[PDB]
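Structure record follows, encoded as structure tokens.
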Amino acid sequence: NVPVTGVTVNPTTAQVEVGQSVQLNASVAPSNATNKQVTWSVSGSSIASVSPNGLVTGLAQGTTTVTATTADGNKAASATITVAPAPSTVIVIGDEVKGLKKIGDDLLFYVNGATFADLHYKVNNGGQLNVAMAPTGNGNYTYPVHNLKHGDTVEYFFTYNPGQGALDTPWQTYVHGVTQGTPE
Amino acid sequence: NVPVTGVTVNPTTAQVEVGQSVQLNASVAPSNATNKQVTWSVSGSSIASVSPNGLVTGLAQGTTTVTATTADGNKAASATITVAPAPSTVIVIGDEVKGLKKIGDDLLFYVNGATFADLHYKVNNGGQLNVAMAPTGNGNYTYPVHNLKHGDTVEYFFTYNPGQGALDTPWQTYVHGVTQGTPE
Amino acid sequence: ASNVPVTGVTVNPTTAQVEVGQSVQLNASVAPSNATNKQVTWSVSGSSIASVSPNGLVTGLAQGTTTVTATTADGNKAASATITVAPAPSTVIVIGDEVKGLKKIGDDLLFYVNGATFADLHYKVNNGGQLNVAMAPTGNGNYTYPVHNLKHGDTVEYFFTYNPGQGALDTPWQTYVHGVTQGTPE
Amino acid sequence: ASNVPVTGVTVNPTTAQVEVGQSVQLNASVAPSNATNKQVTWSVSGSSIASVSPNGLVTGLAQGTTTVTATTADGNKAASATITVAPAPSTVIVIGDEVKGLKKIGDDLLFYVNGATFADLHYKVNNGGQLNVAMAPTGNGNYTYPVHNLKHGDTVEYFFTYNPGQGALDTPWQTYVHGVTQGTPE
Ligand SMILES: [Cl-]
Ligand SMILES: [Cl-]
Ligand SMILES: [Cl-]
Ligand SMILES: [Cl-]
Ligand SMILES: [Cl-]
Ligand SMILES: [Cl-]
């Protein structure tokens, strides 16, 4: 009855963090077109995911292209999606003695004021890993865990002696880009 | 009383899959050295992790170097660790109608013999994603999920109509490099 | 004369595997065979993993599985192939002699110097800056230094400073090109 | 004369941040200041993330946090710095004119052609093969094609085939070098 003549996508560009969303909208012309259905597609599916109604979710750093195509006409229009890297900030999750710093997509585990310090940790459903943490050379220790992705669950505790004798901390859970703390 | 004169590490090279282990052993000379303590270290900690007693665990593809250093003497010897990629094989986890193929570190979700097919999935503690799966053009559908790491937990179910009407499958769990299936 | 409308398209082969930098040619078959307008657009859903030419040549870029689609200009009939990009076989390629050189191990190079009192590596990747490193003593007079996470077509200029006993010498500049330079399986 | 034994080492600065391809110079301070043997070995636990020179120049290689250690030849006294390698700021750099060129967006390039009926990109990265692509119609006469996951020092040779209306033309070959080629903030 009333054929589509064209389509547009708004917003025309967008920037999202990994795990963060943005809603795209197809405007079909004319307004009283009989069939206004669109199909949403993405050329860089590693970088961003698109829902059946144009919700775009950032997965990995990069720039990709998200298209609406009309069932009637196969008129196409596109937005450019930029998935940003993690802010280059330091988030402290712990106290004066022990804990971790979120440093983009790495964690820096620390123990301060110890005669020794080990770390026991499991990433998601992977294996338990055990490590002696590295002495900074002044009585404190660091150990980095590398290249965490959004929604990673890290379970960990420490064995250190702070002067009175060896102790285990309790099991703690960190979920990457969910668990919060204090900027450094 | 009896000083160390040297150290060796065996095996001298090793190859491991991601998530897979290998035990290194320091041999201190002479056999009746009074202090036989070693410290284990790794120069490529992204690629492989080393325990306080020389258990080396592959984390990511690459070649790194793992060293034993004697408390007495600081005599050092090294092994070369190669962390291999995933076998280039196809593991089917599903039936005739629906499921996934493990294809190295990607999953290929499939539905066969449907008038439409969507996928709903969550990776570890990340967000739910929803997607229309792509038509192969003969009545079947595929959708890849990209760049899974060892111990990743993927929870998923399908909405498809195979001819009688739309239905959801039950929630299923896949754990990357744990869940098994049949080679293609 | 009469406009003959397209009714279908199929793509062959319907699956393919390639390594990074390697190509596989897809062919869109439009139906019927006397259709006026035979044109197709090729697209890919995972462009980090694989690139498609306007004529359906698929090149592997990164490890993964993606989907390449041909769409008819007439009627927008679509058919798809699944493209898997494999990693490098689990083999070791020696590029050098029994004193110095490198091993290709998947996407990492192991540089080596046999029989010395020290060994240093001087190397630049593509148009990056020169890196200088002390190579790691194996503990037996031998040295090794890994260069990590090379891509196909990466150019590596290298040379060694090392002392086999008499005195310290610089080797000549050498060029390695990742997945082009050949050598002997170990 | 008398052998003066080393008693300690400290490293300064104790933390540093650098971008990929950028350097920071560490300095090992041996104690006491009249120690006979002042030599230190530098090592790093995360060599994919950062490289250390035999004289403690740290270069960023990949995003991450790692630990760089100085060890005294006399007594094996150790002190460490934490090195963070940052990603590229979240900015857009234009390399071209108002008709064609590319945008640097972090480690991806967005190639663009404004005002045409088709647009194709012809490009090679370092010593890889030539890729040919149809650029994606925005839907308004404009085209864009992303090149993904470039490293510092990557050399990109490109040119465009496109038709602004009169007829199809090839642009001249141009060279882009990732994190060396400059342009104007958008
Ligand atoms: Cl893309
Ligand atoms: Cl290493
Ligand atoms: Cl992709
Ligand atoms: Cl895909
Ligand atoms: Cl590393
Ligand atoms: Cl590290």
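To be explicit about the labels: the chains of the structure tokens are called A, B, and onward in the order shown, and within each one the residues are counted from 1, while ligands get numbers from 1 in the order they are shown.
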
For residue B:39, work out the shell of residues within 12 Å, counting only C-alpha atoms and skipping chain neighbours fewer than 3 positions away, then give it as number ranges by chain.
A: 131-134; B: 7, 25-26, 36, 42, 50-54, 66-78

Limited to N, CA and C atoms, could you put the picked residues into a file as a PDB file, in the first residue's frame?
```pdb
ATOM      1  N   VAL A 131      51.202 -18.593  43.955  1.00  0.00           N
ATOM      2  CA  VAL A 131      52.372 -17.734  43.609  1.00  0.00           C
ATOM      3  C   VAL A 131      52.969 -17.113  44.879  1.00  0.00           C
ATOM      4  N   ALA A 132      54.287 -17.091  44.991  1.00  0.00           N
ATOM      5  CA  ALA A 132      54.959 -16.145  45.912  1.00  0.00           C
ATOM      6  C   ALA A 132      54.921 -14.764  45.255  1.00  0.00           C
ATOM      7  N   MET A 133      54.446 -13.781  45.999  1.00  0.00           N
ATOM      8  CA  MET A 133      54.432 -12.405  45.540  1.00  0.00           C
ATOM      9  C   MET A 133      55.851 -11.841  45.640  1.00  0.00           C
ATOM     10  N   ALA A 134      56.121 -10.846  44.794  1.00  0.00           N
ATOM     11  CA  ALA A 134      57.452 -10.352  44.543  1.00  0.00           C
ATOM     12  C   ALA A 134      57.772  -9.294  45.576  1.00  0.00           C
TER      13      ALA A 134
ATOM     14  N   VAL B   7      73.425 -25.287  39.922  1.00  0.00           N
ATOM     15  CA  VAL B   7      72.018 -25.745  39.782  1.00  0.00           C
ATOM     16  C   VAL B   7      71.681 -26.016  38.314  1.00  0.00           C
ATOM     17  N   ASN B  25      61.980 -29.286  38.223  1.00  0.00           N
ATOM     18  CA  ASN B  25      62.814 -29.697  39.379  1.00  0.00           C
ATOM     19  C   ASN B  25      64.182 -29.049  39.276  1.00  0.00           C
ATOM     20  N   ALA B  26      64.596 -28.314  40.303  1.00  0.00           N
ATOM     21  CA  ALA B  26      65.998 -27.877  40.527  1.00  0.00           C
ATOM     22  C   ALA B  26      66.805 -29.035  41.120  1.00  0.00           C
ATOM     23  N   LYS B  36      69.784 -25.854  50.132  1.00  0.00           N
ATOM     24  CA  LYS B  36      69.301 -26.281  48.795  1.00  0.00           C
ATOM     25  C   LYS B  36      68.066 -25.495  48.338  1.00  0.00           C
ATOM     26  N   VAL B  42      59.643 -16.164  36.537  1.00  0.00           N
ATOM     27  CA  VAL B  42      59.220 -16.242  35.106  1.00  0.00           C
ATOM     28  C   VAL B  42      59.340 -14.833  34.508  1.00  0.00           C
ATOM     29  N   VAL B  50      54.250 -19.445  37.552  1.00  0.00           N
ATOM     30  CA  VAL B  50      55.117 -20.408  38.298  1.00  0.00           C
ATOM     31  C   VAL B  50      54.808 -20.328  39.787  1.00  0.00           C
ATOM     32  N   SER B  51      54.625 -21.475  40.423  1.00  0.00           N
ATOM     33  CA  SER B  51      54.379 -21.593  41.881  1.00  0.00           C
ATOM     34  C   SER B  51      55.684 -21.411  42.664  1.00  0.00           C
ATOM     35  N   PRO B  52      55.605 -21.282  44.016  1.00  0.00           N
ATOM     36  CA  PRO B  52      56.798 -21.228  44.859  1.00  0.00           C
ATOM     37  C   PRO B  52      57.668 -22.489  44.803  1.00  0.00           C
ATOM     38  N   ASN B  53      57.179 -23.619  44.271  1.00  0.00           N
ATOM     39  CA  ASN B  53      57.989 -24.866  44.110  1.00  0.00           C
ATOM     40  C   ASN B  53      57.993 -25.350  42.652  1.00  0.00           C
ATOM     41  N   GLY B  54      57.834 -24.457  41.673  1.00  0.00           N
ATOM     42  CA  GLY B  54      58.183 -24.751  40.269  1.00  0.00           C
ATOM     43  C   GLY B  54      57.112 -25.545  39.536  1.00  0.00           C
ATOM     44  N   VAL B  66      61.542 -19.880  32.524  1.00  0.00           N
ATOM     45  CA  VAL B  66      61.317 -20.089  33.991  1.00  0.00           C
ATOM     46  C   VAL B  66      62.628 -20.495  34.666  1.00  0.00           C
ATOM     47  N   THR B  67      63.004 -19.777  35.709  1.00  0.00           N
ATOM     48  CA  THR B  67      64.356 -19.809  36.308  1.00  0.00           C
ATOM     49  C   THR B  67      64.267 -20.307  37.755  1.00  0.00           C
ATOM     50  N   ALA B  68      65.169 -21.190  38.157  1.00  0.00           N
ATOM     51  CA  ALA B  68      65.513 -21.478  39.567  1.00  0.00           C
ATOM     52  C   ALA B  68      66.838 -20.786  39.937  1.00  0.00           C
ATOM     53  N   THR B  69      66.819 -20.018  41.027  1.00  0.00           N
ATOM     54  CA  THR B  69      67.936 -19.263  41.606  1.00  0.00           C
ATOM     55  C   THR B  69      68.171 -19.770  43.036  1.00  0.00           C
ATOM     56  N   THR B  70      69.377 -20.256  43.343  1.00  0.00           N
ATOM     57  CA  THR B  70      69.738 -20.845  44.669  1.00  0.00           C
ATOM     58  C   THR B  70      69.867 -19.728  45.699  1.00  0.00           C
ATOM     59  N   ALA B  71      69.255 -19.855  46.884  1.00  0.00           N
ATOM     60  CA  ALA B  71      69.477 -18.954  48.052  1.00  0.00           C
ATOM     61  C   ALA B  71      70.986 -18.834  48.345  1.00  0.00           C
ATOM     62  N   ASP B  72      71.678 -19.965  48.274  1.00  0.00           N
ATOM     63  CA  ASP B  72      73.147 -20.016  48.402  1.00  0.00           C
ATOM     64  C   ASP B  72      73.793 -19.993  47.017  1.00  0.00           C
ATOM     65  N   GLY B  73      74.509 -18.898  46.734  1.00  0.00           N
ATOM     66  CA  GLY B  73      75.300 -18.697  45.507  1.00  0.00           C
ATOM     67  C   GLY B  73      74.617 -17.770  44.515  1.00  0.00           C
ATOM     68  N   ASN B  74      73.284 -17.838  44.431  1.00  0.00           N
ATOM     69  CA  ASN B  74      72.479 -17.225  43.342  1.00  0.00           C
ATOM     70  C   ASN B  74      72.978 -17.807  42.018  1.00  0.00           C
ATOM     71  N   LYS B  75      73.200 -19.121  41.983  1.00  0.00           N
ATOM     72  CA  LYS B  75      73.341 -19.923  40.755  1.00  0.00           C
ATOM     73  C   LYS B  75      71.953 -20.056  40.141  1.00  0.00           C
ATOM     74  N   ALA B  76      71.842 -19.897  38.829  1.00  0.00           N
ATOM     75  CA  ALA B  76      70.550 -19.812  38.094  1.00  0.00           C
ATOM     76  C   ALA B  76      70.597 -20.831  36.965  1.00  0.00           C
ATOM     77  N   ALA B  77      69.496 -21.507  36.696  1.00  0.00           N
ATOM     78  CA  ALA B  77      69.288 -22.268  35.450  1.00  0.00           C
ATOM     79  C   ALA B  77      67.806 -22.128  35.082  1.00  0.00           C
ATOM     80  N   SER B  78      67.482 -22.414  33.825  1.00  0.00           N
ATOM     81  CA  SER B  78      66.263 -21.963  33.126  1.00  0.00           C
ATOM     82  C   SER B  78      65.727 -23.106  32.294  1.00  0.00           C
TER      83      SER B  78
END
```

If the limit is 9 Å from any atom of ligand 3, counting only C-alpha atoms and all ligand atoms, which residues qualify? Return them as an MDAnalysis selection string.
(chainID A and resid 42:48 64) or (chainID B and resid 146) or (chainID C and resid 44:50 66) or (chainID D and resid 148)

Mind writing the picked residues with C-alpha atoms as a tab-separated table (two decimals), in the first residue's frame?
```
chain	number	residue	atom	x	y	z
A	42	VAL	CA	27.24	-5.46	12.65
A	43	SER	CA	30.46	-5.93	10.58
A	44	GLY	CA	32.80	-6.09	13.69
A	45	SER	CA	31.00	-8.59	16.02
A	46	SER	CA	34.21	-9.05	18.16
A	47	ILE	CA	34.08	-5.34	19.03
A	48	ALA	CA	30.28	-4.82	19.57
A	64	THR	CA	32.68	-1.02	14.12
B	146	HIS	CA	34.32	-14.92	19.97
C	44	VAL	CA	31.30	-10.38	6.92
C	45	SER	CA	29.98	-10.20	10.53
C	46	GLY	CA	33.48	-10.64	12.08
C	47	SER	CA	35.88	-8.31	10.22
C	48	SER	CA	38.69	-8.57	12.95
C	49	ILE	CA	38.80	-12.33	12.11
C	50	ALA	CA	38.47	-12.20	8.26
C	66	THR	CA	32.97	-15.77	11.31
D	148	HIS	CA	41.35	-3.14	13.35
```

For residue D:91, list every protein, DNA or RNA residue within 9 Å, evaluated using only C-alpha atoms, and leave out those in the same chain fewer than 3 positions away; present the list as number ranges by chain.
D: 88, 104-106, 185-186

Nearest to ligand 6 by atom-to-atom distance, counting only C-alpha atoms and all ligand atoms, from D:41, D:69, D:33, D:10
D:69

Counting only C-alpha atoms, chain D residues within 9 Å of chain C, as number ranges by chain:
D: 21, 41-42, 47-48, 51-54, 57, 59, 120, 125-129, 131-134, 146-149, 152-155, 177-178, 180

If you keep N, CA, C and O atoms, can you produce a file of those selected residues as a short mmCIF file (atom, residue, chain, number, x, y, z; two decimals), in the first residue's frame?
```cif
data_model
loop_
_atom_site.label_atom_id
_atom_site.label_comp_id
_atom_site.auth_asym_id
_atom_site.auth_seq_id
_atom_site.Cartn_x
_atom_site.Cartn_y
_atom_site.Cartn_z
N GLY D 21 55.33 1.98 22.99
CA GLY D 21 56.40 2.59 22.18
C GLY D 21 57.15 3.66 22.94
O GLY D 21 58.23 4.01 22.48
N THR D 41 71.83 -6.28 37.50
CA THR D 41 71.07 -6.91 36.40
C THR D 41 69.62 -6.43 36.48
O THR D 41 69.03 -6.42 37.62
N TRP D 42 69.08 -5.99 35.35
CA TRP D 42 67.65 -5.60 35.27
C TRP D 42 66.84 -6.77 34.70
O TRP D 42 67.30 -7.45 33.73
N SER D 47 57.17 -9.54 30.27
CA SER D 47 57.95 -9.10 29.10
C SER D 47 57.02 -8.85 27.89
O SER D 47 57.46 -8.14 27.01
N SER D 48 55.80 -9.41 27.82
CA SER D 48 54.79 -9.05 26.77
C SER D 48 54.35 -7.60 26.97
O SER D 48 54.01 -6.95 25.97
N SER D 51 59.62 -4.12 28.07
CA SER D 51 61.01 -4.55 27.80
C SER D 51 61.91 -3.68 28.66
O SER D 51 61.60 -2.47 28.75
N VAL D 52 62.96 -4.26 29.26
CA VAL D 52 64.01 -3.49 29.99
C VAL D 52 65.37 -3.72 29.30
O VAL D 52 65.73 -4.90 28.97
N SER D 53 66.05 -2.61 29.05
CA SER D 53 67.45 -2.54 28.58
C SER D 53 68.42 -2.97 29.69
O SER D 53 68.14 -2.80 30.89
N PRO D 54 69.63 -3.46 29.34
CA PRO D 54 70.66 -3.76 30.34
C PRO D 54 71.02 -2.59 31.24
O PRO D 54 71.74 -2.82 32.15
N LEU D 57 66.40 1.07 30.93
CA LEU D 57 65.39 1.80 30.11
C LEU D 57 64.21 0.86 29.86
O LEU D 57 64.41 -0.21 29.25
N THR D 59 60.68 0.13 28.07
CA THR D 59 59.78 0.54 26.96
C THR D 59 58.47 -0.21 27.10
O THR D 59 58.52 -1.45 27.28
N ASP D 120 36.12 2.02 -2.79
CA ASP D 120 36.88 0.79 -2.47
C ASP D 120 38.19 1.22 -1.83
O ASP D 120 38.68 2.30 -2.14
N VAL D 125 49.31 -4.11 5.23
CA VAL D 125 49.88 -3.78 6.56
C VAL D 125 51.26 -4.42 6.58
O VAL D 125 51.37 -5.61 6.17
N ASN D 126 52.27 -3.61 6.90
CA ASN D 126 53.69 -4.04 6.92
C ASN D 126 53.97 -4.82 5.64
O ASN D 126 53.50 -4.37 4.58
N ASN D 127 54.60 -5.98 5.74
CA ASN D 127 54.90 -6.87 4.60
C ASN D 127 53.86 -7.98 4.43
O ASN D 127 54.21 -9.01 3.83
N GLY D 128 52.62 -7.75 4.88
CA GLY D 128 51.49 -8.61 4.50
C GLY D 128 51.03 -8.36 3.07
O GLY D 128 51.50 -7.35 2.40
N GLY D 129 50.13 -9.21 2.61
CA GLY D 129 49.51 -9.04 1.28
C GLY D 129 48.52 -7.87 1.21
O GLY D 129 48.05 -7.37 2.26
N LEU D 131 45.04 -6.33 0.68
CA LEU D 131 43.59 -6.57 0.84
C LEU D 131 42.79 -5.57 -0.01
O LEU D 131 43.16 -4.35 0.01
N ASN D 132 41.75 -6.05 -0.72
CA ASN D 132 40.78 -5.20 -1.45
C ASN D 132 39.40 -5.32 -0.77
O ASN D 132 38.91 -6.47 -0.62
N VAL D 133 38.78 -4.20 -0.40
CA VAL D 133 37.43 -4.16 0.23
C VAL D 133 36.51 -3.12 -0.45
O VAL D 133 36.98 -2.01 -0.81
N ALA D 134 35.20 -3.43 -0.51
CA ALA D 134 34.14 -2.42 -0.76
C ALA D 134 33.86 -1.70 0.56
O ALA D 134 33.65 -2.36 1.56
N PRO D 146 36.69 0.29 8.70
CA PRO D 146 37.58 0.29 9.85
C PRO D 146 38.70 -0.71 9.59
O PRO D 146 38.38 -1.74 9.03
N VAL D 147 39.95 -0.36 9.91
CA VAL D 147 41.06 -1.36 10.01
C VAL D 147 41.41 -1.59 11.49
O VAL D 147 41.50 -0.62 12.27
N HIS D 148 41.44 -2.84 11.90
CA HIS D 148 41.35 -3.14 13.35
C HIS D 148 42.69 -3.59 13.90
O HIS D 148 43.35 -4.41 13.26
N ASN D 149 42.95 -3.14 15.13
CA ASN D 149 43.89 -3.74 16.11
C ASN D 149 45.30 -3.56 15.55
O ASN D 149 46.01 -4.58 15.32
N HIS D 152 51.75 -0.10 17.52
CA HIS D 152 52.81 0.93 17.31
C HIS D 152 53.87 0.47 16.29
O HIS D 152 54.30 -0.70 16.36
N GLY D 153 54.21 1.36 15.34
CA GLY D 153 55.15 1.07 14.22
C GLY D 153 54.54 0.33 13.03
O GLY D 153 55.27 0.12 12.04
N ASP D 154 53.29 -0.11 13.09
CA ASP D 154 52.62 -0.75 11.92
C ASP D 154 52.61 0.24 10.76
O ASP D 154 52.25 1.42 10.95
N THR D 155 53.08 -0.21 9.61
CA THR D 155 53.08 0.59 8.37
C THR D 155 51.87 0.18 7.55
O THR D 155 51.70 -1.03 7.28
N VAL D 177 51.91 5.32 9.45
CA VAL D 177 52.72 4.61 10.48
C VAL D 177 52.10 4.85 11.85
O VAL D 177 52.23 5.98 12.33
N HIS D 178 51.55 3.80 12.48
CA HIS D 178 50.71 3.87 13.72
C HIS D 178 51.52 4.37 14.92
O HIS D 178 52.57 3.76 15.27
N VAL D 180 53.18 7.20 14.86
CA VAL D 180 54.20 8.15 14.32
C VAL D 180 53.51 9.19 13.43
O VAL D 180 53.70 10.40 13.67
#
```

Give me the residues near residue A:111 as a PDB file with N, CA and C atoms, in the first residue's frame, where near means some atom within 6 Å (using only C-alpha atoms) and where sequence neighbours in that chain fewer than 6 positions away do not count.
```
ATOM      1  N   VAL A  97      46.976  -2.883  54.622  1.00  0.00           N
ATOM      2  CA  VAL A  97      47.890  -4.058  54.750  1.00  0.00           C
ATOM      3  C   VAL A  97      47.823  -4.889  53.491  1.00  0.00           C
ATOM      4  N   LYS A  98      46.628  -5.160  52.983  1.00  0.00           N
ATOM      5  CA  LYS A  98      46.431  -6.122  51.872  1.00  0.00           C
ATOM      6  C   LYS A  98      45.255  -5.676  50.989  1.00  0.00           C
ATOM      7  N   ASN A 140      57.468  -4.713  51.599  1.00  0.00           N
ATOM      8  CA  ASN A 140      56.136  -4.871  50.940  1.00  0.00           C
ATOM      9  C   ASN A 140      56.204  -5.808  49.732  1.00  0.00           C
ATOM     10  N   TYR A 141      55.063  -6.235  49.199  1.00  0.00           N
ATOM     11  CA  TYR A 141      54.974  -7.214  48.080  1.00  0.00           C
ATOM     12  C   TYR A 141      53.887  -6.794  47.082  1.00  0.00           C
TER      13      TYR A 141
END
```

Using only C-alpha atoms, determine which residues lie at most 8 Å from residue D:39, disregarding the query and same-chain residues fewer than 5 positions distant; provide the list as a list in words.
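In the requested form, the answer reads residues 72, 73 and 74 of chain D.
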
File of the preceding selection, C-alpha atoms, as a PDB file, in the first residue's frame:
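Done, and the output landed in selection38.pdb:
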```pdb
ATOM      1  CA  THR D  72      73.290  -6.106  42.575  1.00  0.00           C
ATOM      2  CA  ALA D  73      76.126  -8.343  41.181  1.00  0.00           C
ATOM      3  CA  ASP D  74      77.507  -8.167  44.782  1.00  0.00           C
TER       4      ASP D  74
END
```

Residues of chain A near chain D: apply a cut-off of 10 Å, count only C-alpha atoms, and supply the list as a PyMOL selection string.
chain A and resi 6-9+12+15+43-44+47+61-67+75-80+82-89+103-108+134-138+141-147

Selection near stretch 125-127 of chain A, 8 Å with only C-alpha atoms, sequence-local residues under 6 positions removed, as a VMD selection string
chain B and resid 19 150 to 153 175

Based on the backbone DSSP call, show me all residues of stretch 3-181 of chain B assigned strand (DSSP E or B), as a PyMOL selection string.
chain B and resi 6-10+13-17+21-23+25-29+38-42+44+48-50+55-58+62-70+76-84+90-94+98-103+106-111+116-123+129-132+134-135+141-145+153-161+167-168+172-175
